[PDB]
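What follows is a short report on a single structure.
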Amino acid sequence: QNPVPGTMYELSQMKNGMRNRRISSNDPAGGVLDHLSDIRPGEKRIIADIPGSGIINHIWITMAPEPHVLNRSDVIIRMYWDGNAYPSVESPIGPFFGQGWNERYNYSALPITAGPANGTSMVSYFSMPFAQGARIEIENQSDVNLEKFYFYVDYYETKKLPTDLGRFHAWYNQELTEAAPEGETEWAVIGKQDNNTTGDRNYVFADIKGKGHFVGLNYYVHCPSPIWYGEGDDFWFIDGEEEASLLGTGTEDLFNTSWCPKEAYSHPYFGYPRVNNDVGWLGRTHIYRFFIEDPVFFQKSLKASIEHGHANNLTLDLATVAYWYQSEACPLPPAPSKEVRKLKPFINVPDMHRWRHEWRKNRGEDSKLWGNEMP
Amino acid sequence: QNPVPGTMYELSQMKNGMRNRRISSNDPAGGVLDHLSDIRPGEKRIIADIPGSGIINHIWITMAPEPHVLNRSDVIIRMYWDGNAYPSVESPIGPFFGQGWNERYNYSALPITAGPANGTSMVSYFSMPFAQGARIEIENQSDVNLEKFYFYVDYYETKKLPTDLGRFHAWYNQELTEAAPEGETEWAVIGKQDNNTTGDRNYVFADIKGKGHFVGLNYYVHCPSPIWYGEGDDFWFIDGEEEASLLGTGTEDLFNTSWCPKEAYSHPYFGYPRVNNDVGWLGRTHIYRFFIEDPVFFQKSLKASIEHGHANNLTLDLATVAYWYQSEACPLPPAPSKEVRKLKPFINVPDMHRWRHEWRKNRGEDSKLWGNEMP
Amino acid sequence: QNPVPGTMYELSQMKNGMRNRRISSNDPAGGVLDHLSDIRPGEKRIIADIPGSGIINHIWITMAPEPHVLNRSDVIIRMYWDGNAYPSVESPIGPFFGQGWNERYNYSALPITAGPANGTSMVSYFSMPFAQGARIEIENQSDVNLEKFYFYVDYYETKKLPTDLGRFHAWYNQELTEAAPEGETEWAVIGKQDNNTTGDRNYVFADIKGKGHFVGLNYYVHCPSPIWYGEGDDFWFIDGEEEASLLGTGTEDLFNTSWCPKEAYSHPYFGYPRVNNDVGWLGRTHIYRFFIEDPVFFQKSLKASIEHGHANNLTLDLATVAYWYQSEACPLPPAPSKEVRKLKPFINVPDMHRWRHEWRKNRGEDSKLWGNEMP
Amino acid sequence: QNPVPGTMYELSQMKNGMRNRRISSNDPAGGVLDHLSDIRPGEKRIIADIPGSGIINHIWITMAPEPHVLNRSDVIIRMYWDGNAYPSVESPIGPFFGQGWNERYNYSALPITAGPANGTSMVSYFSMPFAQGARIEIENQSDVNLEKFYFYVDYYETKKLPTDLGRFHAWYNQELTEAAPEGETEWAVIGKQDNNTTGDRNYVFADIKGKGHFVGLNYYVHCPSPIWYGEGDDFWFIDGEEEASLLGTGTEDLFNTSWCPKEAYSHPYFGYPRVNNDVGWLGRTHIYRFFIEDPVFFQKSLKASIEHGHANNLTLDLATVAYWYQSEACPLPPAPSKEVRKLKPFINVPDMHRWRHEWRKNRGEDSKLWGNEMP
Amino acid sequence: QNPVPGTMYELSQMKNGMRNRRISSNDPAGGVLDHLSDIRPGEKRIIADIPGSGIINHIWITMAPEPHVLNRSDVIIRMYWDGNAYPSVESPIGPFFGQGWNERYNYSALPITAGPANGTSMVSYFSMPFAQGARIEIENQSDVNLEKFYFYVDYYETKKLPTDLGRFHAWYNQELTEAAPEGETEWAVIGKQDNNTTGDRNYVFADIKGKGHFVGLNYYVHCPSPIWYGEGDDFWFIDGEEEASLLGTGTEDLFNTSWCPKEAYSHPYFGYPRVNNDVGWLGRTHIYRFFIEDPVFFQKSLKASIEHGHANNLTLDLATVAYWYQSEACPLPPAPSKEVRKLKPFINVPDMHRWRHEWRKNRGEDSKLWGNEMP
Ligand SMILES: [Ca+2]
Ligand SMILES: [Ca+2]
Ligand SMILES: [Ca+2]
Ligand SMILES: [Ca+2]
Ligand SMILES: [Ca+2]
Ligand SMILES: [Ca+2]
Ligand SMILES: [Ca+2]
Ligand SMILES: [Ca+2]
Ligand SMILES: [Ca+2]
Ligand SMILES: [Ca+2]
Ligand SMILES: [Ca+2]
Ligand SMILES: [Ca+2]
Ligand SMILES: [Ca+2]
Ligand SMILES: [Ca+2]
Ligand SMILES: [Ca+2]
Ligand SMILES: [Ca+2]
Ligand SMILES: [Ca+2]
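Protein chains in written order, with the authors' numbering: chain P, 26 to 77, 78A, 79 to 400; chain A, 26 to 77, 78A, 79 to 400; chain D, 26 to 77, 78A, 79 to 400; chain Y, 26 to 77, 78A, 79 to 400; chain V, 26 to 77, 78A, 79 to 400.
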């Protein structure tokens, strides 16, 4: 046991057994073509195919053209461990690296981040062990050529993988959520709110069978109302228990924040790298939390979900990437279709004036209705 | 005729006939009570009662308590010329000095402005001639004591008023405007737009009988929709003509601006000292234009109006102060009641979510309605 | 021993023995009451009472009403381990989470932080082991109802606590410090400065008996002079030694800064989240340092103190929270009274003009004294 | 009489009788030496010597080295009209152009301003008629060489001066004012305040014998207290009257502002181009007002003064430039000495801590005096 | 093995074997002289001489006078372990602590940083083990007295060093790089670009013989062209291999960024604390990356280099500090001379206009050459 607790002490210890390697897009002829080229629409490219045992320790990727031209929500990254035919990592590449939608922004989370120039640099420091090979694949599901693909995949080669190491998994999910039958009753603004004791209509962000521990969540909400999107509670069902053993209080609360915030904020383990910047909470918000000091263990299964509004009353376009380890390389739930991933239009001024018009009709159309009158 | 055209040349000319005087709140005992005190709710106070002939050349006023406590839209200033029983100036004092609602903000218009600290200083450089007396009265129509009232009324005394001088007038008007029977059809967003060839349902900001010329407009809109409030055209009917001889194209256009602006901006003769700072054009905007180089003359009458939205389709809380001169001191149209002047609540997040709810009902309540769908 | 030094490698290792649990304010009926309610003035509430062995891994708390209404320096958090009657954690809750006084501000320290909305979210990632129970109690020592109390207490349950784990302690102290008898001689501005070879009149921020290691300090100074508050040296007496084995050079210096800074600054392990923003160093400053890579070990005792100005010459309102581990759960020194914790008024303009007046008297009252003259 | 009231109409009128001329520092050899050179310490230079009748219509000046090297409060400008031996304009050149002390800042007053780069451009649009010559002289009373002096003096030549034109005057005054014998009783902070019914101890900014009208004031205060400097009332004695016919209420009030402002602000006729930017009102403030629409006429004399604090209780370093016209070219009051114009040091942190020390002594030196305690 | 992966769990573990010690500049007489004094030009001072076995866990240093007076690139820090005559750490002190050139700026890297006031505080959290002594020496190679030197060197004393600990090394290198013989062909702007398959003309930032691992790089570029400086690839030759096993794609790419960024950015492990802030990439840039989770291991040797522009085509003033551990204390490569470390002048406006002039000559000197014309 170390006599001093931190990483800096550990970094001064001599180590054995690991040899650095790097798969990169370096031009082998010595020239300027230090990128892969022309991953056309509909095409897949294996960017790294590593035999044997090792541990990925760092990934850096960037792409051309820019995010406003090539939608990073339509370029997919997949990773396959141990010669499995199924991926244990499957996500749109932007969302995997904490870049929502087709947008770009710098931030500074510890294990995964996007950096300069203005969010085009995609960086991961998650450790990704493998015993019998690793393959990383990129698929262009956009309608634009992926002109240039630059990358480093840094890894340690070893003769024998330490026997206690697991396998990295990540899964993108997305749903346009269903409003409650009585309507969007958030904050009791339109009427009485229901209870939700079961979690049955929650939005699911992980559904895992096996042994492991949960380490991260990137949450992307596109809210089509000005109302606060985040009253919904997190539910974690560990090991098939009937009642969730971890129950939360709200969505900002899960992300270590409070009172319906909409301010950009950075901590190594949690933050808001993109906030809506409009009336109320209308538009897009990205929130992250990494569970590095505080991973969620499970021995047999984990199903983790969150209400979409209090008792699932709201329509939200919700997407998530969940990150976790398992004792072996396991398959994932189904991927959302390209259709589910289609970007939604921002609710705009003509749209809201149309709301106002239907509201005036239903309030009886007095020619001096202000906009706040109750029935 | 002067050989050089500007004011600076004129300022170097020796003048005769005018003696400076000042009515002020200076403490005659020499002390610190350099203000009037305790103009209680419901009370009137004559602050200046000047006999004979003169010309007001400068007014400065400030009040305690601050604008968030004492509503400057409920403290009224009136001015009476030539011993008339009727006022030729009647307005809430904030709006007269280009401070809308109960708000405060510095700006820099040439003839009338509000200045530091943060809009509490109220300044006028309009020249206000009178032959047989001047009286300035303040009335507290608020529910708060007017604790301190500081002022300078600077004027020139003369033995005989120059015979070509007119008389300053100003009038506050306000209306919560009526939406069109087919609804608020602005931008053709909800349906087809009507024509308005008559101007009959326009918002009126001046209705003057006599000879004179129009010199200013302060325009205060509280828009309860996100839609652009300003498509409405100005109409000026001079001298009883059946068809308006001056017709405009839009409200920003009248104020020397273009394309639905919502940015703070200052020119000596026109500007936006308070902009809505919210989604679309929802909330409050103050616009001014002074007609100093370009006054609007009339010999018999002027009726000046503006559409409230294209063809008067919108509900807006509109208030205006109009400024003008006439050949003699004339009465004004009726004052809006204290009830018409009541501040309207800002349209808020619960309000708009209630709009959305009525819209969902009328679009058929599919549980995944986004918010943009058409019938 | 791990072949790779950091946390990311460790996070990819499979673990056994720990089961996640969470005590939270989730509404068990399924509804919106996801908070405790109405902890009235003078009342105590047990928010978590955990039997047996475990490790707290994460705490999140927020409260209503807001910090300008409910003083977070008057709501106390206490933690009791191993069925002890005495607390091993005792502090006002704001200061515990790095929110001084009755103020609010976001910051980003690694182990403890306050986050959005504007400092209302209170977060701890300190690990807090216990073998025979844990109890967390909140006491409302304010004059305002604690209306809503939201929380997550995330912990690992275990059948048997690892035998090398200690116990988390934290202690709030506060003192209005005594100026030196010859006056506040800082910087030799008023006269000669004394020596301090003993540390006897220092401000004490830890006084611990037992085995353990020191891990953090939150320092809150309210300085009633414009002079620099921070010339005072830190003294650490380990294991009853007569002469302190760790001696510092200044207060900014202890906090890894230099030359009397007053700029907001964030590093994971040290920073200034609230700076005085006034003339010189007048007003309030919050500084933190966490000793994560560099804990201060002790086997028998630690007494740690800092001069309040060079050789304890200054009157300062100083408050601190100290954080540490011990080999077992131990009691704390006495808590400051509610009276010691009373907020001090900011030194204001009338106050300083009164200083100037006494200065003029003592310099002989020449009618043109500028303010810099020496005797 | 013109049928349209403004300058723009007048500018479209053809004029006769005036021929443009310009005295400038243009290099007559065609080269780059488009400046005067080397006006050494103690030296005077005539920059313009114009025979006969004309009207100065525009002056632009700039100097090297920069204001932090060559003190523009120690370079004097003088103007002599009609072959008089005495100047009718006498001021330090910075203060004349609205640049206080040895500082530099852009602003935008209408008749006189300082402009880019950062206040080095000095501009006047005052009209300055003369019948029998004009001479403009610069004197370097600084200890630094005036290396380069660039200028345009634009004027109209005429065969016969219009007989109604006056003559431009300006006078710099400065005083370190005397505190009241009972001390600086401003705001009644230290004790009871006196009355001032006479104006006898006021600071005088104009003392004029003759016929004319007053057109401007630049006011420069260096306040050595944090207290508000500006409670003092303006007094104007016209034509030898025993009681001042124009009495004000406060200093900000005279400058068309209210409630002790300290924010930068620009209107054509009044403003704050330099504010103190420190605790309370400690340090330097520059305020201006031009009386262009509202000149103060006098037939025989004008003496204009302002209290230095309420009833002249404060010590302030006050300096002013007053601007006016008279019917003929007249001499000025005495100039302040170079000694009176010496820059005062800013009151600093050691100074105020010394105040605090004398205050502690007089309050009895309890070791926990906070700083607000009363006797 | 720990059941929970992070540092926070480890921090709650009781430890044995380590006793805190601190060498500091504390005044032993009790007074204000809490600094070393007067390290004159050409002088060396041992600031810490520790016998026996221990581990440095934290260093804080600050110096007077300020960085614009005393060039921190000319004050050298050296560290000697285990009684060796050669240093294993040798660098200019500013660059060692991530302060380039003679500049100052706050930043927030995890293991080494510069903090308030504005970059004067120099902080290291690298662990530095030693078995048979440690000596830290400062040498003043500047032409200015080092007036005050404040420091803490915090370390753990131990009876026996853990046998797996290595030794900290760091080395400053600098080169004014050679342009390619065909000219600076970056981006193919002036002509065809060459290949570089060997790395022979690369800029070398580490050249190490022994066993260990690489942990950091501070990179300082002064680019005398507006062109992007950073197309050059990193090459790492491990254990004497003929072909580099780690090959990169670009300089921003190595630093976890993309697309020629020039924006200030902070992540714990990489960032841009000083960017050029001028046309293109002209001037100075500082970039850092720490390899904490992802150290580069080597058993026999490491030579690490980077192209200076694509295929070493550019002239750059490049300086680096490299940080690493070895199994024992080893000597370093030669230090750059004081002459190599001389600050280069910023390319300025006269310089670039001279470029333009030579360009006009070579393009044939048409009098209307714009500046973009090709031959
Ligand atoms: Ca570790
Ligand atoms: Ca290459
Ligand atoms: Ca659902
Ligand atoms: Ca909830
Ligand atoms: Ca005119
Ligand atoms: Ca008075
Ligand atoms: Ca109407
Ligand atoms: Ca129109
Ligand atoms: Ca709930
Ligand atoms: Ca003490
Ligand atoms: Ca000290
Ligand atoms: Ca020339
Ligand atoms: Ca006096
Ligand atoms: Ca007064
Ligand atoms: Ca000391
Ligand atoms: Ca080379
Ligand atoms: Ca390259």
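Heads up, the beta-carbon is just placed ideally off N, CA and C, and yes, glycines get one too.
Chain D beta carbons: is any one of them nearer than 8 Å to that of residue i?
i                    : result
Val-148 of chain V   : yes
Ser-270 of chain P   : yes
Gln-38 of chain P    : yes
residue 9 of chain P : The structure shown does not extend to residue 9 of chain P, since chain P is modelled only from 26 to 400, so the question has no answer here.
Determine the DSSP secondary structure at residue i, reduced to helix, strand or coil.
i                  : result
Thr-345 of chain Y : strand
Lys-69 of chain A  : strand
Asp-219 of chain Y : coil
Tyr-34 of chain V  : helix
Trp-212 of chain D : helix
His-60 of chain Y  : coil
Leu-272 of chain A : strand
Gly-241 of chain Y : strand
So, is the C-beta of residue i closer than 8 Å to a C-beta in chain V?
i                  : result
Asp-376 of chain D : no
Looking at chain A, is there any beta carbon in it that lies within less than 8 Å of the beta carbon of residue i?
i                  : result
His-382 of chain P : yes
Which partner residues of residue i appear in the DSSP bridge assignment?
i                      : result
residue 401 of chain V : The structure shown has nothing for residue 401 of chain V, since chain V only spans 26 to 400.
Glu-200 of chain P     : P:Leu-343
So, does the CB of residue i fall closer than 8 Å to a CB anywhere in chain Y?
i                  : result
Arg-299 of chain A : no
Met-43 of chain A  : yes
How many angstroms separate the CA atom of residue i from the CA atom of residue j?
i                  : j                  : result
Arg-129 of chain A : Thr-145 of chain A : 7 Å
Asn-302 of chain Y : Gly-305 of chain D : 13 Å
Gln-124 of chain V : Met-153 of chain D : 38 Å
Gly-224 of chain A : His-311 of chain A : 23 Å
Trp-196 of chain V : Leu-279 of chain V : 19 Å
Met-104 of chain A : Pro-359 of chain A : 15 Å
Residue i CB to nearest chain P CB: under 8 Å?
i                  : result
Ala-54 of chain A  : no
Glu-318 of chain D : yes
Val-29 of chain D  : yes
Here's a check: name, in chain order, each residue in its chain whose Cβ is nearer than 8 Å to the Cβ of residue i, leaving out the five neighbours to either side.
i                  : result
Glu-288 of chain A : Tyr-297 and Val-300
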